[PDB]
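# A look at the structure
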Amino acid sequence: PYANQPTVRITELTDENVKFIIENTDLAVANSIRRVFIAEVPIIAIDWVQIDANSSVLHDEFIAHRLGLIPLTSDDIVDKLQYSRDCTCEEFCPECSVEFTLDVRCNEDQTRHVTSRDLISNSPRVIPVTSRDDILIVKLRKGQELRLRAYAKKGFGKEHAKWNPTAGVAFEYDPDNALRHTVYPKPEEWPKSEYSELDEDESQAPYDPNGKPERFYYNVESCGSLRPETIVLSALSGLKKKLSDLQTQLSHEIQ
Amino acid sequence: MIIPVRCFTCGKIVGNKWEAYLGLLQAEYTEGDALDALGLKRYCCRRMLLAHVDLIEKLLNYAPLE
Amino acid sequence: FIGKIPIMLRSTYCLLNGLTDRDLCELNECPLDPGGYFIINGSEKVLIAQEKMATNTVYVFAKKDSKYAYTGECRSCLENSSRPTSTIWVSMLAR
Amino acid sequence: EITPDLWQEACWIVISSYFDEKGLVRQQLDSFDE
Amino acid sequence: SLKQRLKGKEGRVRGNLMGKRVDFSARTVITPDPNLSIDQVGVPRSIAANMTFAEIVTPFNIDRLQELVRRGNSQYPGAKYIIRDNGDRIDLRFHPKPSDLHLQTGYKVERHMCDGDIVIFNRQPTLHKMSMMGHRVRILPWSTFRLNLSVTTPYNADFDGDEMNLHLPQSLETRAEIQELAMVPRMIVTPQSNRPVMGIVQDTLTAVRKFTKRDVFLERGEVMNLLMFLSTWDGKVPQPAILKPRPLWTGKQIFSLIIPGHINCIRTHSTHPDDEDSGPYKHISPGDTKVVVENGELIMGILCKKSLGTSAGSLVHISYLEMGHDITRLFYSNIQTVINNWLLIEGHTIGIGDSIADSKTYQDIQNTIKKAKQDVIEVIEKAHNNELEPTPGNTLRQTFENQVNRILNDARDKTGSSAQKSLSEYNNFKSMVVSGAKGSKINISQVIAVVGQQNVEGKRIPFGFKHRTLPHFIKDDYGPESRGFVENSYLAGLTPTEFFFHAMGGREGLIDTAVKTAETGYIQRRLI
Amino acid sequence: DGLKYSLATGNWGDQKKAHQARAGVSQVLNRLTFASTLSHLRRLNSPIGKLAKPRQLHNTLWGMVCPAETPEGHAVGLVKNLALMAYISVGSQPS
Amino acid sequence: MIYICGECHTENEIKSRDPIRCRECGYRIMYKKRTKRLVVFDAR
Amino acid sequence: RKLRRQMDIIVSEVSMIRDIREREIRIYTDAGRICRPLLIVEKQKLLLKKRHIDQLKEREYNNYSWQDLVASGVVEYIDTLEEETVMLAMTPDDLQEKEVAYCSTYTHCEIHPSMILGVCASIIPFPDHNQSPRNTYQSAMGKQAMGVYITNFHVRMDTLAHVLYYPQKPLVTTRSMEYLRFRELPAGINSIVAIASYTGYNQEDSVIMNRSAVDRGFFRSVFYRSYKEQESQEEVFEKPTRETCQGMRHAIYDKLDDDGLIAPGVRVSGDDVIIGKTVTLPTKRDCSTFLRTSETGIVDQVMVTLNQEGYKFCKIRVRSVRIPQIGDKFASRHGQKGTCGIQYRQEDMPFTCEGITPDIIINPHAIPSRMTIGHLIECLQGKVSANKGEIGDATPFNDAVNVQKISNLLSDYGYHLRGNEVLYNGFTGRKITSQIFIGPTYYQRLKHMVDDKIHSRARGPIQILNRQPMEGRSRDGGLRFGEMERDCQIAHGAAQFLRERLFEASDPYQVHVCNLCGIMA
Amino acid sequence: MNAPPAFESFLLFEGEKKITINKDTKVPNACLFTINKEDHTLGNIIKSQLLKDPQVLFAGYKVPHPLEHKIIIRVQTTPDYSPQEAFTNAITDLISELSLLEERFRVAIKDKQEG
DNA sequence: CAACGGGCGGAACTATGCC
RNA sequence: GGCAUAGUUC
Ligand SMILES: [Mg+2]
Ligand SMILES: [Zn+2]
Ligand SMILES: [Zn+2]
Ligand SMILES: [Zn+2]
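Its PDB header attributes the entry to cryo-EM and lists the resolution as 4.3 Å.

## A look at the protein's contact with RNA strand K
In the vicinity of RNA strand K, the residues found are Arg123, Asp160, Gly161 and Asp162 of chain E, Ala23, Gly24, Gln27 and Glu72 of chain F together with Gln144, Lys337, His448 and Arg475 of chain H. When atoms of RNA strand K within 4 Å of the protein are sorted by moiety, sugar and phosphate together comprise 100%. Taking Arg123 of chain E, its side chain carries an N or O atom lying 2.9 Å from a sugar or linking oxygen of RNA strand K. In the model, a phosphate oxygen of RNA strand K is placed 3.1 Å from a nitrogen or oxygen of the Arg475 of chain H side chain. Broken down by class, the residue content of the surface near RNA strand K amounts to one nonpolar, five polar and six charged.

## A closer look at the protein's contact with DNA strand J
Around DNA strand J there are 19 residues in total, and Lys9, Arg21, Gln124 and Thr517 of chain E together with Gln15 of chain F lie nearest to it. One of the side-chain nitrogen or oxygen atoms of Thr517 of chain E is found 3.0 Å away from a base oxygen of DNA strand J. Between a phosphate oxygen of DNA strand J and a side-chain N or O atom of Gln15 of chain F, the distance comes to 2.4 Å. Residue assignment for the surface near DNA strand J shows that the elements contributing at least two residues are helix 18 (496-527) of chain E together with helix 1 (2-9) of chain F. Residue composition of the surface near DNA strand J, by class: six nonpolar, seven polar and six charged.

## A look at the nonpolar core
Within the largest apolar cluster, 203 residues are counted, with the highest numbers of intra-cluster contacts made by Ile46, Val49 and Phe100 of chain A, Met1 of chain B, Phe19 of chain D together with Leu69 and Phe218 of chain H. Counting residues per element, this core draws most heavily on helix 1 (residues 7-21) of chain D, which supplies nine residues. For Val49 of chain A, the contacting residues outside a window of four places in its chain are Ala64, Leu67, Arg149 and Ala150 of chain A together with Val39, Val40, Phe41 and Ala43 of chain G. Listed in part, the 137 residues of the second largest apolar core include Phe211 and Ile254 of chain E together with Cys31 and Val63 of chain I.

## What to know about the coordination of the zinc ion (ligand 4)
All names here are of chain G. Within the protein, the zinc ion (ligand 4) binds to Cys5 (SG), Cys8 (SG) and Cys22 (SG); these donor distances fall in the range 2.3 Å. Mapped onto the sequence, the residues coordinating the zinc ion (ligand 4) show the spacing C-x2-C-x13-C. Pair noted here: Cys8 is in the loop between strand 1 (2-5) and strand 2 (11-13) and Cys22 is in the loop between strand 2 and strand 3 (30-32), with a separation of 14 residues, a long-range link. We classify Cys8 as partly exposed; its relative accessible area is 25%.

## Describing the interface of chain E and chain H
Chain E puts 110 residues into the contact, and the matching count from chain H is 110 residues. For the pair chain E and chain H, the two sides together bury roughly 10000 Å², of which 58% comes from carbon and sulfur. By the criterion of area lost to chain H, the three top residues of chain E are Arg21, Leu344 and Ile352 of chain E, representing 8% of everything that side buries. Where chain E meets chain H, there are six salt bridges. Put simply, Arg457 of chain H and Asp23 of chain E hold a salt bridge, and the shortest N to O gap is 2.3 Å. Looking at the side of chain E that touches chain H residue by residue, the class counts come to 48 nonpolar, 39 polar and 23 charged. Here strand 2 (residues 25-32) of chain E pairs with strand 25 (residues 455-457) of chain H via three bridges, running antiparallel. Counterpart to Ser25 of chain E in the pairing with strand 25 of chain H is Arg457 of chain H.

Parameters at a glance
- Residues numbered from 1 in each chain as written, not as in the entry; some residues may be left out.
- Chains lettered and ligands numbered in written order.
- Part of a larger assembly, values for the part shown.
- Heavy atoms only, no water.
- Residues with missing side-chain atoms left out of burial classes, pairs and counts.
- Near = heavy atom within 4 Å.
- Polar contact = N/O pair within 3.5 Å; in protein donor to acceptor, adjacent residues only side chain to side chain.
- Nonpolar A, V, L, I, M, F, W, Y, C, P; charged D, E, K, R; others polar.
- Helix = DSSP H or I, 4+ residues; strand = E, 2+ residues; numbered from the N terminus.
- Core = buried A, V, L, I, M, F, W, Y, C linked by side-chain atoms within 4.5 Å.
- Buried < 20%, exposed > 50% of the residue type's maximum accessible area, 1.4 Å probe, protein only.
- Contact = heavy atoms within 4.5 Å.
- Donors = N, O, S within 2.8 Å, 3.2 Å for Na, K, Ca; no water.
- Buried area = accessible area lost by both parts, 1.4 Å probe.
- Salt bridge = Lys/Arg side-chain N within 4 Å of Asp/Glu carboxyl O.
- Pairing = 2+ DSSP bridges.

What follows is the structure, given as structure tokens:
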């Protein structure tokens, strides 16, 4: 009637990728962590645009939508910030948002590429990930002009998918089909998984009636906003705070 | 119209790869080799570059109002 | 001067006939526009090809329960001059 | 000088030349011109 | 003229007295929603806030109605008007003075439509009385008319751009009329053919067969979930069938909990042979056919279209006739929810692997086709040598055509039988055909083996050109290919002549569909 | 005014006699998609008013008229579209 | 009120009760200039 | 025939027919005959040669073209009633060759048999694996898809216009789309479609859409509408004032400028005033134009000019971005149409081993009865093409493209040959027992949305002659309660509901009558 | 037009309570917990943890409608044990497991980089 | 036997020309 | 405001 004793092993760790193996954990817990990677990890992204001049070939909502999807490095200040709905300011203060400014005009005979290199922020720690190519925003002819002011709030991927900090979360358990959770009409047509521990002749592991899914394999790839280790840690802390607040509310209700 | 910033299916950023992709193609690369070189690993990301039609080049031909 | 005749777009007597794509873009006209329509009071009109029975040929048909057994008509026209058609029938009474 | 089993490109070269010469709305233009 | 004013449709009598435009009506797109009950309809918040119902003030509700008036026309659970006893109207869409907001018994408040309101839902054309039934309103976020899926059959409605009409009765008298007369659960069994007019539709129906196979053993947690989705559940988990070495339930053991009351029924699965009922194993049924329900428990058998469908004497029909509309409604809802949430575990699909046959089957099909073409050639040779003898009552052309068509039909049917009997136990075409969800053995045959002969006006493809079908054939060619017998299946593809002949064949179906409708409507109007 | 009116309304004839004038020529160009524009510019019409014969797909439409593209409803088989390589003669004189 | 000419792209003042003509190019199609009022776009 | 082939005396347009049995020669110079080009076969060998092919493939900087091919006597124009005296061959290198002799006197040959299809039916991939009604339905629905309809849409004031954000050219395309320019102005997006029954919201031709994909710009579009008004008493463009004009409404006039026109970039909600115009009543009457109810668009462009006569003229355009909701209509290139049923986020959609959630989920019951196997083959070919890097060829009659070849090609990239893939459940994380068929198919967003179709009424405007509710969603009209509906209510027996629908809900009235003569008094 | 704002799926509004406790009168020692603004991310963990308890006889959860954000959990336990105690113990055990997992992942990161 | 007259689906949504 | 015509959905 007690908790488990999970263990981890990090197979590969780079600047955009973490591969690890969780063991001695329940499938529900593993999948809940997998879901929290995608949805409930706070990220800084642009959420308020005011276009002073737009003589380009894309309309204002098009440009604003493109601006929203440029990822900003929120490695360290995403914890410090507050939600704009949770702040004492009127609309925006430095404690709950980061302000951006873009002002580009083309006066040459060559098409100019307005990229994320041109977004300028007041805080030096929240900058587009392509500022230590570039994310193209719009192209300008001669005489066309763009100028705007934007504000970067804080949020997570349940609200909008621009706050989703990951690129592809590969989740897989039981690479050899020893638990028969999926049934193959022909087992020999199916390619073996990357983590399979079988020979070149045997296709499926023999059935294991007294087994449960353990040893989940992950691969969390980051979209550049957070680094792929803080995505995992923020998910374990982020899920842990959801359970704690549930326990607080239950204790009030019982009493 | 213009290449999207993110891949629709998974969210990997493909909005900074169109110029590099065109340059690789101009440098005598096959499309498969160019996509492999740019790091587009899964077909959801690969189709974003394979099937893109860049109309903003055509839209830039017409003179602006001002 | 006896009147004004509408002109079909991209035809030999339009202002866009023979122009290159750069000139078309200068005139704010799409180089991909196929043409072949009229501009009447702003709106764009398209004539629809209308099928008709071939003229100057003898066709022999039959009618279900009419007086005649077999009929034959020759819808006759003269080189698109005038007198549009004159369908002469040479029938044959039933038995 | 036959074109054997290389036909799947020859036929489409011919068709491309056709559509480069004429187009798709040639009927309307030719009828109005005449 | 006045006679023209009164003459026909759009004319006064028949266009403004026998049928006229009404108030309190809405029309928008319908989309599926398997989480609703049989007699519920999902309504967007905009339509509800736009349509109103007049409620008379009494001491039982004066506080609630006063709060609604305080909310006003802006907030959705509000009201739009206050109608005095004298009849004079008070507006609430703008800001009124505090004096008019006073409410006393005998007043009327025109509140916005809320949950539980009774409405009449219709899809045009209205053919039988199961096209206008009463539903209970539930308010849902987005802007389409959500409605359940078993109610698709009464309306003949699929969810591809369709629309339906909403009518809101305005008086307690008519509301009670619709509640006691035209509610959806009360129209389950039609008086046209004394059969249930609605049944399980194709997705719970393609999955209840798989659920009710013998192999389905359910773990403890899966049983917990499925029971969590049961609305008519006592609260006691039944003893598992397999008790050692691991507790396992069974799909029948849970469909028994779904089945209401003490219903006794005996049906037969759609793949039940003609020897089980005769030889031994009559009551043992090796293939698990011969559905038996005793005391409301599914003892044996596999459930399909012939048990849960819209046919006479089916399980749903027995449930209605024995228990009533109020229990048959729960029967439908529970079947749908439990089977859908189990299907989230098993899954379903359809693909090329399900539409591809085996090499031996391909050899059989090609052999049969070659034999049929040879036989047609032989018949043509005998006819040319004048050795063919006419059949009494038929012309020489008629007997030749009859022999040719008979040979080709035999070929098509034999290839179809080979394709059917060469399927597998995991094939999804077989899954959707055996359970009766959607498709047929002829469709499987056309996908795998042979599309078959194309006919125009009941005869073979005619001679459009001078004595030949197309410019690619010689004159006077009566072979199977010349007159349009497609030897290929849809998976292999059609050669250009077969493509054109198939288009000629499908044009007739499109024409008949576009033609029959007006005549059918006119016949029904004359009868009425 | 005569040419402008006939092209604007579609009633092919004089304004005073728009009763027997055949309506349905000179439609307003479809601009929803480029394919819509092209298939509108290459379109035929059979002036037949319910008989199946003029609505069926005759054998002689091979390579001249699309076997598939047709509207559904009250004009199934009466509105047709040219095949891809089909051409329509412009006319000459047999001198 | 300032309207931008559709041919020479030159803005010129035109008031009410005034033929819509363009100086120095003689065109007849004029476009209104973009407003100075500020409008806020979510970046969704 | 020799003279027509040389193009010396008889133009290539003229047709010549010999009726051998009836001894008649018919020559037509008429206008209106319909004809198509055909290759010429002299003995058994095409007159088209490799020299012609090379001179054609060097077409640039060589002034050798189709006219120079026709003038060489290689191809020919054949009208319909000259086709009755000709022997055609569908494919040269297959029908001219030595066989068991069917015909050894071929007189012509087909260029390619796939040129029998029109403009809208040349975009269907693998049409020979489909069903003819499905091909017809796709031919119908190809004129309703939303993409960029013309490149100069920014200077066109068209009454209604719809343009997609990010169109894509198909990954599986027909060879004859290069002539239709579908590569340059496409209409649709390649979507990762999984054919599965997930939660029951795609039953009966419905579609489950990924909401996270939609948040990234998937199938998003714009809607442009144009309004016009001219000042034909004395109508004048001017800003009305509440306490000086006779006619007035409950709308806002504070958006307008001095001359009565909204400047571009001004957000206008439903039931606002765009153009303010006033009639001097012989003291001023308001005839302002109002936004069509519930648009919530932004003014895009305002054009001021003079009409034919000389009155001032104005056209104003309004744009509104349309994000795909749960009522919008989508369709593939195989006659499979459906409406969005519900939208799930990325965390809820089922995923593969590699984190590839489908963009669209469609029901497996749509396939067996409709027999659109071109859909499955297009999905498989797209899954091969997106990995290989090429763009698949789906021209109708090929003989060099088989399902077996496609499957073998797909097996070389690590996937199951027949296209299936093991998916995991989204909510619970457990493997789904049945493997799902998933791959990139080319989908279209049809013109039919739900925001342009939702309509309701409760005591609105009323007609003048009959005093019944108006007709038309734009006029807040009611829904007709026809004779079939009243017959259904008669069959029900709901007499009071029927009387309410036909009398009280519609026009009620009262009159007086004399008890002696039945005449209104 | 009828589009709910995105934040309504996780933000409690004025008046809404996070969790409400109701008893089940069909079977003794049964209780239903209704949680507002939650989904499978919490329902699945709580159910799977309740099933580990040997004194829990029933433990399930369901989402009554995907368009309305609300979670219902039903747990029945053996006598001399209450479902509220089972629920609280489940949450405590989940928190302990997550804390241990985070500690071990952090030490694994430390070992992997610079080690 | 011939001539004359009335009869021929149901809903719904856009657009354009004209009085 | 009304009359007419055209297209489209089911
Ligand atoms: Mg339908
Ligand atoms: Zn703040
Ligand atoms: Zn991707
Ligand atoms: Zn100018």
